[PDB]
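Dropping upload.pdb in here (PDB, C-alpha atoms):
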```
ATOM      1  CA  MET A   1     -55.357 111.398 117.706
ATOM      2  CA  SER A   2     -52.357 110.258 115.690
ATOM      3  CA  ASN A   3     -53.781 108.547 112.597
ATOM      4  CA  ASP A   4     -57.504 109.098 113.051
ATOM      5  CA  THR A   5     -59.391 106.167 111.614
ATOM      6  CA  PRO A   6     -60.940 103.955 114.385
ATOM      7  CA  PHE A   7     -62.640 106.770 116.330
ATOM      8  CA  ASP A   8     -63.027 108.667 113.067
ATOM      9  CA  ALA A   9     -65.042 105.846 111.582
ATOM     10  CA  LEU A  10     -66.876 105.210 114.850
ATOM     11  CA  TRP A  11     -67.955 108.847 115.092
ATOM     12  CA  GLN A  12     -69.014 108.921 111.452
ATOM     13  CA  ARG A  13     -70.977 105.691 112.018
ATOM     14  CA  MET A  14     -73.228 107.075 114.734
ATOM     15  CA  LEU A  15     -73.139 110.482 113.035
ATOM     16  CA  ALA A  16     -74.855 109.012 109.975
ATOM     17  CA  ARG A  17     -77.558 107.645 112.278
ATOM     18  CA  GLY A  18     -78.756 111.198 112.824
ATOM     19  CA  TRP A  19     -76.879 112.264 115.926
ATOM     20  CA  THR A  20     -75.805 115.886 115.599
ATOM     21  CA  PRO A  21     -72.212 116.890 116.496
ATOM     22  CA  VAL A  22     -71.698 119.314 119.363
ATOM     23  CA  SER A  23     -68.799 121.652 120.096
ATOM     24  CA  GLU A  24     -67.554 122.748 123.535
ATOM     25  CA  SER A  25     -68.907 126.313 123.404
ATOM     26  CA  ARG A  26     -71.963 124.898 121.641
ATOM     27  CA  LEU A  27     -72.687 122.491 124.475
ATOM     28  CA  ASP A  28     -73.953 125.445 126.484
ATOM     29  CA  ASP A  29     -75.921 126.594 123.434
ATOM     30  CA  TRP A  30     -77.432 123.171 122.910
ATOM     31  CA  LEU A  31     -78.270 122.922 126.616
ATOM     32  CA  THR A  32     -80.418 126.067 126.609
ATOM     33  CA  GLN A  33     -81.831 125.544 123.096
ATOM     34  CA  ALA A  34     -82.862 121.930 123.667
ATOM     35  CA  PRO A  35     -85.885 120.886 125.765
ATOM     36  CA  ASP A  36     -84.197 117.585 126.571
ATOM     37  CA  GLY A  37     -81.428 115.346 125.266
ATOM     38  CA  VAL A  38     -78.181 113.522 125.940
ATOM     39  CA  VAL A  39     -74.534 114.314 125.242
ATOM     40  CA  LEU A  40     -71.975 111.624 124.474
ATOM     41  CA  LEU A  41     -68.391 112.367 125.444
ATOM     42  CA  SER A  42     -66.146 109.887 123.673
ATOM     43  CA  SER A  43     -62.448 109.878 124.457
ATOM     44  CA  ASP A  44     -61.364 106.229 124.402
ATOM     45  CA  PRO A  45     -63.094 102.907 125.258
ATOM     46  CA  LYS A  46     -62.238 101.207 128.549
ATOM     47  CA  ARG A  47     -62.208  97.896 126.711
ATOM     48  CA  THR A  48     -65.684  97.024 125.443
ATOM     49  CA  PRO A  49     -66.702  93.449 124.416
ATOM     50  CA  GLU A  50     -66.076  94.517 120.818
ATOM     51  CA  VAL A  51     -65.557  98.215 120.039
ATOM     52  CA  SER A  52     -68.709 100.310 119.714
ATOM     53  CA  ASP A  53     -70.845  97.528 121.256
ATOM     54  CA  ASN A  54     -73.738  98.656 118.983
ATOM     55  CA  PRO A  55     -75.836 101.469 120.545
ATOM     56  CA  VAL A  56     -79.167 100.512 118.912
ATOM     57  CA  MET A  57     -80.762  99.818 122.312
ATOM     58  CA  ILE A  58     -79.934 103.382 123.363
ATOM     59  CA  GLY A  59     -82.143 104.821 120.640
ATOM     60  CA  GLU A  60     -85.198 102.752 121.491
ATOM     61  CA  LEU A  61     -84.579 103.488 125.183
ATOM     62  CA  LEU A  62     -84.982 107.258 124.879
ATOM     63  CA  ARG A  63     -87.891 106.799 122.484
ATOM     64  CA  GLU A  64     -90.186 105.307 125.150
ATOM     65  CA  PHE A  65     -90.556 108.898 126.343
ATOM     66  CA  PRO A  66     -91.958 110.597 123.201
ATOM     67  CA  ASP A  67     -93.043 113.640 125.197
ATOM     68  CA  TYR A  68     -89.396 114.532 125.423
ATOM     69  CA  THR A  69     -87.586 115.295 122.221
ATOM     70  CA  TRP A  70     -84.241 113.709 122.989
ATOM     71  CA  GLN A  71     -81.561 115.635 121.167
ATOM     72  CA  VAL A  72     -78.569 113.325 121.066
ATOM     73  CA  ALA A  73     -75.380 115.334 120.788
ATOM     74  CA  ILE A  74     -72.062 113.646 120.145
ATOM     75  CA  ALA A  75     -68.783 115.482 120.615
ATOM     76  CA  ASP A  76     -65.403 115.415 118.888
ATOM     77  CA  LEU A  77     -62.452 113.748 120.625
ATOM     78  CA  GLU A  78     -60.658 116.976 121.537
ATOM     79  CA  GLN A  79     -64.020 118.548 122.336
ATOM     80  CA  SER A  80     -64.982 115.769 124.758
ATOM     81  CA  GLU A  81     -61.868 116.484 126.816
ATOM     82  CA  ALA A  82     -62.639 120.217 126.855
ATOM     83  CA  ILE A  83     -66.347 119.763 127.603
ATOM     84  CA  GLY A  84     -65.591 117.314 130.377
ATOM     85  CA  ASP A  85     -63.042 119.741 131.792
ATOM     86  CA  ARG A  86     -65.600 122.545 131.745
ATOM     87  CA  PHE A  87     -68.242 120.405 133.452
ATOM     88  CA  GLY A  88     -65.958 118.761 135.976
ATOM     89  CA  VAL A  89     -65.825 115.137 134.889
ATOM     90  CA  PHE A  90     -63.032 112.610 135.444
ATOM     91  CA  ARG A  91     -62.364 111.065 132.025
ATOM     92  CA  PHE A  92     -64.801 108.151 131.748
ATOM     93  CA  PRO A  93     -66.632 108.396 128.393
ATOM     94  CA  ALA A  94     -70.383 107.788 128.503
ATOM     95  CA  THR A  95     -73.835 109.227 127.866
ATOM     96  CA  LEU A  96     -74.530 112.253 130.050
ATOM     97  CA  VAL A  97     -78.190 113.275 130.165
ATOM     98  CA  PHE A  98     -79.259 116.877 130.752
ATOM     99  CA  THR A  99     -82.765 118.268 131.201
ATOM    100  CA  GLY A 100     -84.190 121.625 132.238
ATOM    101  CA  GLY A 101     -80.688 123.075 132.284
ATOM    102  CA  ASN A 102     -79.831 120.559 135.006
ATOM    103  CA  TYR A 103     -77.849 117.358 135.278
ATOM    104  CA  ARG A 104     -79.847 114.125 135.364
ATOM    105  CA  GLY A 105     -76.944 111.730 135.575
ATOM    106  CA  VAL A 106     -74.701 109.506 133.496
ATOM    107  CA  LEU A 107     -75.586 106.224 131.810
ATOM    108  CA  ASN A 108     -72.984 103.751 133.045
ATOM    109  CA  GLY A 109     -75.111 100.896 131.786
ATOM    110  CA  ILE A 110     -74.322  99.343 128.421
ATOM    111  CA  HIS A 111     -75.085  95.659 128.010
ATOM    112  CA  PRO A 112     -78.078  94.575 130.217
ATOM    113  CA  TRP A 113     -81.241  95.945 128.624
ATOM    114  CA  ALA A 114     -83.633  95.603 131.565
ATOM    115  CA  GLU A 115     -81.047  97.317 133.759
ATOM    116  CA  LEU A 116     -80.312 100.010 131.164
ATOM    117  CA  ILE A 117     -83.991 100.971 131.125
ATOM    118  CA  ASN A 118     -84.033 101.136 134.924
ATOM    119  CA  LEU A 119     -81.007 103.418 134.976
ATOM    120  CA  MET A 120     -82.555 105.890 132.527
ATOM    121  CA  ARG A 121     -85.799 105.525 134.473
ATOM    122  CA  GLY A 122     -84.014 106.626 137.617
ATOM    123  CA  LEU A 123     -82.390 109.526 135.809
ATOM    124  CA  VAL A 124     -85.632 110.746 134.213
ATOM    125  CA  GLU A 125     -87.771 110.039 137.275
ATOM    126  CA  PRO A 126     -85.631 110.048 140.451
ATOM    127  CA  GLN A 127     -86.316 108.833 144.001
ATOM    128  CA  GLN A 128     -87.647 105.669 142.454
ATOM    129  CA  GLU A 129     -84.308 103.991 141.769
ATOM    130  CA  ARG A 130     -81.139 105.979 141.160
ATOM    131  CA  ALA A 131     -78.599 103.186 141.495
ATOM    132  CA  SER A 132     -75.318 104.524 140.164
TER
END
```

Same coordinates, now as structure tokens:
Amino acid sequence: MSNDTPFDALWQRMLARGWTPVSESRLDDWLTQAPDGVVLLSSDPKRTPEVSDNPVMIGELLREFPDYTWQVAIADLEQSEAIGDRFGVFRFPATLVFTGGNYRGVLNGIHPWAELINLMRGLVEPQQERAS
């Protein structure tokens, strides 16, 4: 956006943690090339306690399933809007998880850890909890 610095820094922060950037036309590429993974569409925060909230718990969350190589793809600001448009999302920025070329769900959980696990649990293994 006008004067990129906050989101710019934020993106670069998580980027340096080893999360590869994804483009709109490359989302489809990534989807078919990856065995499993999650895509973060980041437009603007709804409020957040702070700003980025600190996504460390997200990394350890996915890692309890080592059988799945979780390719975390983060998108550019203008790309998130385009990717969301192409998929049919509203606007709400969050972690969308995709597996087997299909849609698992979206991680609306952020703060509660025990609940966050349960949410991903329901998305990776459904029927047994899918509270959303």

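Considering all atoms listed in the file, the residue among A:116, A:107, A:82, A:72 positioned nearest to residue 43 in chain A is A:82.
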
Between A:34, A:1, A:62, A:75, which is the closest to residue 19 in chain A once you count all atoms listed in the file?
-> A:75

May I ask which of the residues A:77, A:110, A:90, A:65 is the closest one to residue 2 in chain A, counting all atoms listed in the file?
-> A:77

Which neighbours of residue 66 in chain A fall inside 12 Å, counting all atoms listed in the file, when residues of the same chain fewer than 6 positions from it are skipped, and could you give them as a PyMOL selection string?
-> chain A and resi 36-37+59-60

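Checking A:84, A:109, A:35, A:49 one by one against residue 69 in chain A, counting all atoms listed in the file, you find the shortest gap at A:35.
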
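For residue 102 in chain A, the set of protein, DNA and RNA residues having any atom at most 12 Å away, when counting all atoms listed in the file and skipping those fewer than 3 positions along the same chain, is residues 28, 31, 32, 34, 35, 36, 37, 38, 87, 96, 97, 98, 99, 105, 123 and 124 of chain A.
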
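Counting from CA of residue 20 in chain A, the distance to CA of residue 95 in chain A is 14.1 Å.
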
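Nearest to residue 57 in chain A of all the residues A:112, A:4, A:80, A:17 is A:112, based on all atoms listed in the file.
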
Pick from A:81, A:100, A:47, A:93 nearest to residue 68 in chain A, counting all atoms listed in the file = A:100

re CA of residue 50 in chain A and CA of residue 15 in chain A: distance 19.1 Å

Separation of CA of residue 25 in chain A from CA of residue 86 in chain A, in Å and rounded to one decimal | 9.7 Å

Could you list the residues chosen by the PyMOL selection byres ((chain A and resi 45) around 12) in this structure as an MDAnalysis selection string?
-> chainID A and resid 6:7 10 41:44 46:53 77 91:94

Answer key for the PyMOL selection byres ((chain A and resi 74) around 6), residues as a PyMOL selection string | chain A and resi 21-22+39-40+73+75

As JSON: centre and edge lengths in Å, one decimal, of the axis-aligned box holding range 13-19 of chain A with 3 Å per side:
```
{"center_x": -74.9, "center_y": 109.0, "center_z": 113.0, "size_x": 13.8, "size_y": 12.6, "size_z": 12.0}
```

If you apply the PyMOL selection byres ((chain A and resi 131) around 9) to this file, what residues do you get, as a PyMOL selection string?
-> chain A and resi 118-119+122+129-130+132
